[PDB]
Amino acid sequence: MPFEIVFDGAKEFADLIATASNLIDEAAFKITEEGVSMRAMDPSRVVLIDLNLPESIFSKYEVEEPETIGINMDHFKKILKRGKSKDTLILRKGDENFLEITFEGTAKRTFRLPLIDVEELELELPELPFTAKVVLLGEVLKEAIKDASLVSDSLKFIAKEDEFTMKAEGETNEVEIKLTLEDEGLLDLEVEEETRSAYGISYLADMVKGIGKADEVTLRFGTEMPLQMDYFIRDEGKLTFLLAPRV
């Protein structure tokens, strides 16, 4: 009654939530007339995650009573993983303290996930003076991070006007992944000035694990600045990570 939210393609929704539970244990979901929003940090406070799902991506969106619900992400994910690619997903909140999760397909399957109280910090998604913007295929990003992990625990990002390089170096071994606009993997490159920063590979691997090979990923960063990594859900939804630099 307080809200009813319907998404066509339950497995696609599960995959989106799964990306976020890779860094997050618990999260507050704010459900308004405009859409669903979520913002949280990983337990080490190194990564900020911001999820925005406008009502335009839902087949039915009815919010009688706007509110904020607390969800254990591991439990949520476990239930959503039961959804099939052709299932319709329904999120329903009654008067009681649980979220009703229904998969409608060859049958009607209804789970009750008890809501929890999550201590919500005031988290701001700041505007940052990024000097480099990179749009690249998820496949390239995911492979670069895997390549770098054979070598080191950190990955250097280097943007110049004509080339984007991700470089990792160990005691003896080294890997360099280089993209120019001549390469199929680089879809856009915008570089206000030469930009160099480094990031922990363990965090990057968790950020990209759920991203699809065909997905388009936007990176923004600055010298010794955080990395902002965005990808879009059904064109209008957006998943954003902000990753503290490595020093």
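Here the rigid core means the biggest group of C-alpha atoms that line up within 1.5 Å when the two forms are laid on top of each other. Residues carry their position along the shown sequence, with the first being 1.
Averaged over structures and residues, the CA distance from the shown form in 6 other deposited structures of this protein after a core fit is larger for 126-134, of the two stretches 126-134 and 152-160. Between 218-226 and 57-65, the larger root mean square Cα shift in 6 other deposited structures of this protein, once each structure is superposed on the rigid core, falls on 57-65. Once the C-alpha B-factors are averaged per stretch, 102-110 and 119-127 rank with 119-127 first. The stretch 183-191 shows the higher mean C-alpha B-factor when 198-206 is compared against 183-191 in the entry. When the Cα B-factors of 178, 220, 45, 30 are read from the PDB record, 30 comes out highest.
Ranked against the other modelled residues of its chain, the C-alpha B-factor of residue 83 as given in the entry falls in the lowest third. Among the modelled residues of its chain, residue 165 has a C-alpha B-factor that falls in the lowest third, as given in the PDB entry. Sorting the modelled residues of the chain by their CA temperature factor places residue 74 in the highest third.
When all modelled residues of the chain are sorted by CA temperature factor, residue 49 is found within the lowest third. The PDB entry assigns residue 243 a C-alpha temperature factor belonging to the lowest third of its chain's modelled residues.
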